[PDB]
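First, one chain by itself: the form deposited in one PDB entry, in structure tokens.
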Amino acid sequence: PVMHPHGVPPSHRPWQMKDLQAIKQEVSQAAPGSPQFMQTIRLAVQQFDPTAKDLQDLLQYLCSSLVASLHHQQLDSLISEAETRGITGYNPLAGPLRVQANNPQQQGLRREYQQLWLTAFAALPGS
């Protein structure tokens, strides 16, 4: 998660088990990508403002190995398409995209990465 308190520099902190547990229990048996699943995960992304790495960890914790593999493939395609368009806050001469999306200071890029990560669930059967 990225902590961005008012008027102080942002910083990354690791996921805490109690936070992950609450997300998993709220999702319960809702199919990945379903309206109930997305309603919960959208709120989790807002509350914890996760980096790209944090989102990989959340996907791995919440979903089966199969769903995670499908999501990985879909998001990789969406990222390639987004790079062709240009992405808010992404400088192609700086770090790898996913490194930049782990930089707490690059909030605009992280938020756009979050949107792509959420959108990748739409490719799954279920919804």
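Here, rigid core means the biggest group of C-alpha atoms that superpose within 1.5 Å across both forms. Residues that one form lacks are left out of the comparison. Position 1 is the first residue in the sequence shown; the rest follow in order.
Although not depicted, the form deposited in another entry is the subject of the following passage.
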Practice problem: Considering only 100, 74, 56, 34, single out the residue whose C-alpha is displaced by at least 2 Å between this form and the one not shown after superposing the rigid core. | Solution: 34
Exercise. Since the Cα separation of residue 31 and residue 77 moves by 3 Å or more in that other deposited form, tell me which way: closer or farther than here.
Key: farther
Quiz item: In sequence order, what are the runs of at least 3 consecutive residues whose C-alphas shift by 2 Å or more between this form and the one not shown once the core is aligned?
Solution: 5-8, 29-34
